[PDB]
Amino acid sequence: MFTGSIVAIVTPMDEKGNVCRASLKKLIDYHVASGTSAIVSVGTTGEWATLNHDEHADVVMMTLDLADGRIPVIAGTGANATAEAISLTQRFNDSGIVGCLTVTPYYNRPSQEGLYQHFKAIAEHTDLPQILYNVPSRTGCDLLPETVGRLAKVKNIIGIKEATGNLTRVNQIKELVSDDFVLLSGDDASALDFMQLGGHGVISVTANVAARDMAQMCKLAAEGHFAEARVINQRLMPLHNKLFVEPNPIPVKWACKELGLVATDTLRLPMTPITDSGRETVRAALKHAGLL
């Protein structure tokens, strides 16, 4: 599933920094129970940055195992070298994931033709559906609507997670792609506006802690009930902003711990423990949302 509220799930860790299956099993049950449409496993919020390839495969396979067919799983699979992106992607064919979320090459700042070739080659070498992932603030490059339109012709490239927060991109992309190409917000604070403009869902950090409200909000949005959806979004808005008061996923792992969803809020360096000030800001956002 590639519509509705999709959670960019945390990778819960014990005090040592190792994946905590008990915590993960709890999150997964919570998402099944709360009507989340799918799980993005080891994406940005899942600390894709800092897991090695072994860990990355382990988490994805463990998520699929615990999900046990109850909710679709999408793997985070980008790389900034094309041959490596192909190679990492091969390892997930026939795994049970429904699709891949693949980020623009980061650091090396390719041209639009380079992005075209990169994503075209990745799609050529798998049967899996590919969701493009654009987030210039993290990668230093911006996948533009024209090039998205070129890529959407590739049978396997089925949508985009647009994380710029630039809402003009929704209809610039939509007019260049087919009615079945999925547009998903990657920016929680603007995601309702993004849906109102014609987007189909969100790949959400807030959904880690407000899964039911997010699923209801996205459903109402899909039905065209924007004023109703916006009541929910207003109660979530502090969390949509304050889950980024320190670098993601520091605030959201702290909030998960606070709600009892995971055992510890431990992360891997260079992510640091939440400051005291951050914890007060996040606590207040959680209370505004009604979760505390």
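Quick note: we count residues from 1 along the sequence shown, nothing fancier.
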Revision key, fill the gap. Mean Cα B-factor check, 70-78 vs 89-97, entry values; winner is 89-97
Review point. Quick one: higher average CA temperature factor, 47-55 or 236-244?
Key: 47-55
Check your understanding: Looking at 229, 267, 28, 38, which has the biggest Cα B factor in the entry?
Key -> 267
**Study point:** Which of 203, 210, 128, 115 ranks first by CA B-factor in the deposited coordinates
**Key:** 128
Study note, to complete from the structure: So, residue 251's CA B-factor, relative to its chain, sits in which third? The middle
Study note, to complete from the structure: Of the three thirds of the chain ranked by Cα temperature factor, residue 19 occupies the highest
Check your understanding: residue 147's Cα B-factor: lowest, middle or highest third of the chain?
Key -> middle
Point to revise | For residue 271, the third of its chain into which the C-alpha B factor falls | key: highest
Review point. Taking the entry's C-alpha B-factors for this chain, is residue 13 in the lowest, middle or highest third?
Key: highest
